[PDB]
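Undergrad: Right, I'll just put the structure down here and ask away after.
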Amino acid sequence: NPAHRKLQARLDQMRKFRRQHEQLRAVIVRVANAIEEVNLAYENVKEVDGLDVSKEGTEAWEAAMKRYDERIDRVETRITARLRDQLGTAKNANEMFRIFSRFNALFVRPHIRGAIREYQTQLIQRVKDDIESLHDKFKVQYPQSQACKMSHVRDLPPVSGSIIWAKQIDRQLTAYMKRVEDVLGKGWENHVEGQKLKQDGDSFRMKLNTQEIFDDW
Amino acid sequence: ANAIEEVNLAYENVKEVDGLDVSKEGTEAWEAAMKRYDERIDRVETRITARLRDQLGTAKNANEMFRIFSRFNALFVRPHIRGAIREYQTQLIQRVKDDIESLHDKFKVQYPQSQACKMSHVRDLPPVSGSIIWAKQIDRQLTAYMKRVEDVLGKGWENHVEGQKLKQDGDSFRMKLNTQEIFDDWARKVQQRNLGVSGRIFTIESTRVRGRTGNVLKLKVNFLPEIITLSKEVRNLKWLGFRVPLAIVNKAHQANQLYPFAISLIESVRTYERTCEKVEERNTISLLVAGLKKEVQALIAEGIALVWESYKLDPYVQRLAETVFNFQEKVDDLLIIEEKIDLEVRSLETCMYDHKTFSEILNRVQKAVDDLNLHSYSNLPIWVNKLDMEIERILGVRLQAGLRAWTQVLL
């Protein structure tokens, strides 16, 4: 039992304290006034961590760490209830997207991440309908697109305007994809619907790699 | 209530007559204590004797009678309860004989026949394990009844009027309930032919022959009974524990460390076969599935061609699972799509003479066609040519029918 054993274990748990506290407080650098309070529980442990003795560190620091966690629990509940209220009180779905793009890294903490599936699905049907509109409008072709005629008046070759059309549609789809993953978290295709929308956006993208047009033309 | 006070009066007068341990008056104290205590407690034995009548007066089987027999643990020091016990020794021994012969009937309907076979197999127990477990449970229940009779008289039940026959029934039933024969047959068969069945991991793929109409051939991986043998060894070890053949245990270990791969492969093969059944039961679908079917068979060829790739195994397994997974979703997806198409196609003679509705139908059908375009199937426009030709015929037919009818209207 080489003496440094519990020192090693202690160091890794204190690692996790600096790691996880540092993370959560570093995410609140994307902001109701519990920020300093998280830093208070953090420093509660930095003071009552008693400059990490070994014996009493076990027998007392267990409750010290736990105490800090309890303060994060309250911090969570307040942030989740707060954000669900700013989400529910958000009147626009785009506004709702802005709140999701306002807490990207906060939709990581499973504690937070659990209660949003309803709003998620509302946003998914929004994304759904708009990519469906892209299937529609892109299913109409560039020669018959009136955009070709307006672009032509703006004096471009039809070749260019056609690929501009294509490439821009691609950019809207890609923007939708980043909307999707920011909403659904980075584990996104693993999620029930993300796999589907991934496949669909990919095949839709494969029907947009226009280098052949430039080749033959 | 009535007896507690009685017993306590006897005790307190006896606690005073003991003279606080007068050994020199042990005759006086103890004998006098018995002079009063004996008679008063036997007067309590009268009410206990009413419950002695209740011993039979309560039950109908030796089980519940035995429960109340165990209830009176104080009375086994008094050979007065033994009288009614000797009276019900007959009934107790015969009822226990009833139960033991019932066990005989149960064992005679051995494990492959009894419902224990189905239930034990449902909970994934080998036939060896289920048989020997069931046998040892009956062994325990047999000795449990023997323990009941051991409590009945202690030792007189052995050379009893009928306990001499109970002993015989038990001895023959012990010889019936033997599992060393099964353990030996297990170690036997496994060491007679499963000596080579163990490490059959190399030839991963094996073609076949299936004498049926046309005499088809399928694909098969070589892990059918081995997995159950692994479960057999684990069951014997944790269950009873023998001097289990260590060579078989290590060969089982080697089968374990390669077993999940084979599971995945076997399910992929089965799903592949199921999909091929669904695909060739249809005919139009083949045109569009052709590419993916060739893809699946491309990886199937690359999987069969190699046998035992100790280094590259896991990625092939995962590639396989996803290919057949996709493939299956595509067939399901296409099936649903096609039936929506056909409800429109077969409904083209329903909405009589309405161009708007006709247009609507066609639009819906080609919405399904763009769905087909995205996850591109194989030869989609060719199949569309076919469609369009029959659509033209249903159209022109509905047309000419309405044409004639409108000629009579226009008369």
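Residues are referred to by chain and number: the chain letter is A, B, ... according to the order shown in the structure tokens, the number counts from 1 in that chain, and ligands are numbered separately from 1 in the order shown.
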Per residue of chain B within 8 Å of chain A, note the shortest atom pair and the distance in Å to one decimal, counting only C-alpha atoms, and order the rows by chain and increasing residue number, as a Markdown table.

TA:
| residue | atom | partner | partner_atom | distance |
| --- | --- | --- | --- | --- |
| B:374 | CA | A:203 | CA | 5.3 |
| B:375 | CA | A:203 | CA | 6.1 |
| B:376 | CA | A:203 | CA | 8.0 |

Undergrad: Generate the output file for the selected residues, N, CA, C and O atoms, as a PDB file, in the first residue's frame.

TA:
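Saved to part.pdb:
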ATOM      1  N   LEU B 374     -34.032  10.571 -53.786  1.00  0.00           N
ATOM      2  CA  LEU B 374     -33.078  10.957 -52.745  1.00  0.00           C
ATOM      3  C   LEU B 374     -32.234   9.776 -52.319  1.00  0.00           C
ATOM      4  O   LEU B 374     -31.040   9.721 -52.625  1.00  0.00           O
ATOM      5  N   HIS B 375     -32.849   8.797 -51.682  1.00  0.00           N
ATOM      6  CA  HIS B 375     -32.138   7.581 -51.330  1.00  0.00           C
ATOM      7  C   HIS B 375     -32.286   6.885 -52.654  1.00  0.00           C
ATOM      8  O   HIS B 375     -33.271   6.194 -52.879  1.00  0.00           O
ATOM      9  N   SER B 376     -31.345   7.137 -53.558  1.00  0.00           N
ATOM     10  CA  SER B 376     -31.455   6.624 -54.907  1.00  0.00           C
ATOM     11  C   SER B 376     -31.454   5.115 -54.935  1.00  0.00           C
ATOM     12  O   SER B 376     -30.572   4.462 -54.375  1.00  0.00           O
TER      13      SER B 376
END

Undergrad: Taking 3 positions as the minimum chain separation for residues in the same chain, which residues sit within 9 Å of segment 3-20 of chain B when counting only C-alpha atoms? Answer as a PyMOL selection string.

TA: chain B and resi 25-26+28-30+32-34+36-37+40-41+44+47

Undergrad: Mind the document's chain letters and residue numbers, and return as number ranges by chain the residues of segment 72-102 of chain A that DSSP labels helix (DSSP H, G or I).

TA: A: 72-88, 93-100

Undergrad: For residue 123 of chain A, find every residue with an atom within 9 Å (counting only C-alpha atoms), except residues of its own chain fewer than 4 positions away, and show them as number ranges by chain.

TA: A: 93-94, 96-97, 118-119, 127-128, 180, 183

Undergrad: Keeping only N, CA and C atoms, write the selected residues as an mmCIF file, in the first residue's frame.

TA:
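So the final result, stored in result.cif, reads:
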data_model
loop_
_atom_site.group_PDB
_atom_site.id
_atom_site.type_symbol
_atom_site.label_atom_id
_atom_site.label_comp_id
_atom_site.auth_asym_id
_atom_site.auth_seq_id
_atom_site.Cartn_x
_atom_site.Cartn_y
_atom_site.Cartn_z
ATOM 1 N N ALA A 93 -40.363 31.212 -32.861
ATOM 2 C CA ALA A 93 -39.545 30.019 -32.906
ATOM 3 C C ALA A 93 -38.114 30.390 -33.228
ATOM 4 N N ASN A 94 -37.914 31.452 -34.003
ATOM 5 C CA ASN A 94 -36.559 31.887 -34.302
ATOM 6 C C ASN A 94 -35.912 32.446 -33.048
ATOM 7 N N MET A 96 -36.656 31.393 -30.154
ATOM 8 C CA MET A 96 -36.408 30.157 -29.448
ATOM 9 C C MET A 96 -35.103 29.536 -29.925
ATOM 10 N N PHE A 97 -34.817 29.659 -31.221
ATOM 11 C CA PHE A 97 -33.543 29.186 -31.724
ATOM 12 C C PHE A 97 -32.428 30.040 -31.183
ATOM 13 N N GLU A 118 -40.041 18.544 -25.690
ATOM 14 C CA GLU A 118 -41.224 19.114 -26.330
ATOM 15 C C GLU A 118 -40.850 20.278 -27.247
ATOM 16 N N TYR A 119 -40.075 21.232 -26.719
ATOM 17 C CA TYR A 119 -39.623 22.380 -27.489
ATOM 18 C C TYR A 119 -38.748 21.938 -28.637
ATOM 19 N N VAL A 127 -37.827 22.852 -38.699
ATOM 20 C CA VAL A 127 -36.702 22.456 -39.548
ATOM 21 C C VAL A 127 -37.174 21.538 -40.653
ATOM 22 N N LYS A 128 -38.026 20.599 -40.278
ATOM 23 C CA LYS A 128 -38.636 19.624 -41.151
ATOM 24 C C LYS A 128 -39.315 20.305 -42.311
ATOM 25 N N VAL A 180 -29.959 22.351 -36.420
ATOM 26 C CA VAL A 180 -30.372 21.053 -35.904
ATOM 27 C C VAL A 180 -29.443 20.572 -34.815
ATOM 28 N N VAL A 183 -29.485 22.594 -31.668
ATOM 29 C CA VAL A 183 -30.712 22.353 -30.928
ATOM 30 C C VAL A 183 -30.675 20.991 -30.256
#

Undergrad: Taking only C-alpha atoms into account, which of A:194, A:114, A:57, A:158 comes nearest residue 81 of chain A?

TA: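 Closest to residue 81 of chain A, using only C-alpha atoms: A:114.
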
Undergrad: Quick one: residues within 12 Å of residue 18 of chain A, only C-alpha atoms, excluding same-chain residues fewer than 2 positions away - as a count of residues only?

TA: 20
